[PDB]
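Colleague: As they sit in the full assembly, here are the leading chains:
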Amino acid sequence: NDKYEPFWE
């Protein structure tokens, strides 16, 4: 795969 680090607010 290729995961992007969770984020936001």
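Modeller: Looks like it arrived, so ask away. Numbers count the residues shown, from 1 in each chain, chains lettered A, B, ... in the order given.
Colleague: For the residue sitting furthest away from the middle of chain A, which residues are in contact?
Modeller: What lies farthest from the middle of chain A is residue A:9; by CA atoms, centre = their mean that is 13.0 Å. For residue A:9, no residue meets the contact criterion (CB atoms under 8 Å, 6 or more residues apart in numbering). C-beta: built from backbone N, CA, C; applies to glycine.
Colleague: Could you do residue A:5 as well?
Modeller: Counting by CB under 8 Å, 6+ apart, residue A:5 has no contacts.
Colleague: Count the residues that sit near residue A:1.
Modeller: By other CB atoms under 10 Å, 2 other residues sit near residue A:1.
Colleague: same check, this time on residue A:8
Modeller: Neighbour number of residue A:8 under other CB under 10 Å is 3.
Colleague: So it versus residue A:2, what's the distance?
Modeller: 19 Å (CB to CB, to the nearest Å).
Colleague: Where do the strands of chain A begin and end?
Modeller: For chain A, no strands are identified by DSSP state E.
Colleague: Show me the helices in it, by range?
Modeller: With DSSP state H, there are no helices along chain A.
Colleague: Let's add chain B too:
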Amino acid sequence: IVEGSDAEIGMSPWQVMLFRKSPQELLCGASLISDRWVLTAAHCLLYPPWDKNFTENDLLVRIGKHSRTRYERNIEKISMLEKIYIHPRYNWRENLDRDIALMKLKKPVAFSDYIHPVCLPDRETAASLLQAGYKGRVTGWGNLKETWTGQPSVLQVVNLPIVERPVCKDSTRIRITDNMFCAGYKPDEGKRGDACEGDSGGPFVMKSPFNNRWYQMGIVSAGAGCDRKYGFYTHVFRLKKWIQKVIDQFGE
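Modeller: Now chain B, sitting on the chains shown earlier:
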């Protein structure tokens, strides 16, 4: 980007990442031209041949990033899209003529050491700088090597020279309009360096010796990228009146 290198911190503060909400992935590049407006390529959003028609809710823009995958908290900024504006005469059936789009953010973004708008060229600047041989800069998180069928860890930068219109015309079967221009070294030069598909929509900038400012002369429309030829860019100044029309009519 192929044959480029890691961009320094804040070296391209206007660089924007078009992020696909789901599946979560890099969609394209883009640029910040004001606290509420992001400029990108139209083909990144719209392309019926492959029934691609992203709506505001399918995307997010991430500003001020360096690392491609990490959530750079207290550095990058994530914004939602209020509206998308594909140029009305974007020719996707023919040759991506007028391959350009505008995106209005929901809320204005605050500038920082990592977030800063790029300038759009005026007539003189375009006249002075858009000459064969002069070099502009390209940045993006696109692929690194020929798509074997790879990805960079951090934003990639590379400089490329503008190609003479005729030379470029003779290099492809595509009808290159006056709303596009080409960049890239000659195939013999062995001095490679180019933008790949993931870099499309990103900016092609030039630093003006007249005022020390960076201007976006083009948008990566179709880089001769990770291909086995020159890259094609949207002529920003030629499409300047449309850009201002949109930003003036829409937007506060």
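Colleague: Please reconsider the neighbour count of residue A:8 now that chain B is part of the model.
Modeller: 9 (other CB atoms under 10 Å in any protein chain shown).
Colleague: what does the stretch 1-150 of chain B put close to chain A?
Modeller: Applying CB under 8 Å from any CB of the partner chain, we find that the stretch 1-150 of chain B lies next to chain A at B:19, B:24-25, B:69-71, B:73, B:78.
Colleague: quick one: contacts for whichever residue of chain A sits closest to chain B?
Modeller: Taking CB to the nearest CB, chain B has its nearest neighbour within chain A at residue A:7, 3.6 Å off. Going by CB atoms under 8 Å, 6 or more residues apart in numbering or on different chains, residue A:7 touches B:71, B:73, B:78.
Colleague: Nearest to chain A among those?
Modeller: Chain A has its nearest neighbour among the contacts of residue A:7 in residue B:71, at 3.6 Å by CB to the nearest CB.
Colleague: Can you pull the phi and psi angles for the closest one?
Modeller: Dihedral pair for residue B:71: phi -90, psi 100, per degrees, to the nearest 10.
Colleague: Same check on residue B:13?
Modeller: According to degrees, to the nearest 10, residue B:13 has phi -60, psi -20.
Colleague: And for the one 3 residues further on?
Modeller: The phi and psi values for residue B:16, taken as degrees, to the nearest 10, are phi -120, psi 150.
Colleague: out of everything not next to it in sequence, what's closest to it?
Modeller: Excluding its sequence neighbours, the residue lying closest to residue B:16 (CB to CB, 6 or more residues apart in numbering or on different chains) is residue B:30, at 3.8 Å.
Colleague: one more, chain C:
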Amino acid sequence: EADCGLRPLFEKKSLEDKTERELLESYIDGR
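Modeller: Take a look at chain C, now in place beside the chains above:
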């Protein structure tokens, strides 16, 4: 706008990046 094109960690600090000169040399010819 107005303040566009001037990088905080570069133009504003009077610092240059490792390759912008390649650009300027292309407009003049650096020899």
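Colleague: Take the neighbour count of residue A:1 again, chain C included.
Modeller: By the measure other CB under 10 Å, the count of residues near residue A:1 is 3.
Colleague: check contacts around it.
Modeller: Residue A:1 neighbours (CB under 8 Å, 6+ apart): none.
Colleague: ok, now how distant is it from residue B:223?
Modeller: For residue A:1, the distance to residue B:223 - CB to CB - is 26 Å.
Colleague: Give me the contact status of whichever strand or helix holds residue B:139 with chain C.
Modeller: Using DSSP states H and E, the element containing residue B:139 is strand B:135-140. Yes - counting by CB under 8 Å from any CB, contacts between strand B:135-140 and chain C involve B:135-137.
Colleague: List just the nearest of the residues you listed to chain A.
Modeller: When the residues of strand B:135-140 next to chain C are compared for distance to chain A (CB to the nearest CB), residue B:137 wins out at 25.4 Å.
Colleague: just to revisit the earlier point, elements contacting the strand holding residue B:139?
Modeller: Strand B:135-140 sits against strand B:156-161, strand B:203-207, strand B:214-222, helix C:20-28, with contacts defined as 3 or more CB pairs under 8 Å, 6 or more residues apart in numbering or on different chains; DSSP states H and E.
Colleague: Next up, the contacts around the residue most central in space within chain B.
Modeller: Closest to where the C-alpha atoms of chain B average out (CA atoms, centre = their mean) is residue B:202, at 1.8 Å. Residues counted as contacts of residue B:202 (CB under 8 Å, 6+ apart) are B:15, B:28-31, B:40, B:138-140, B:142, B:195, B:219-220.
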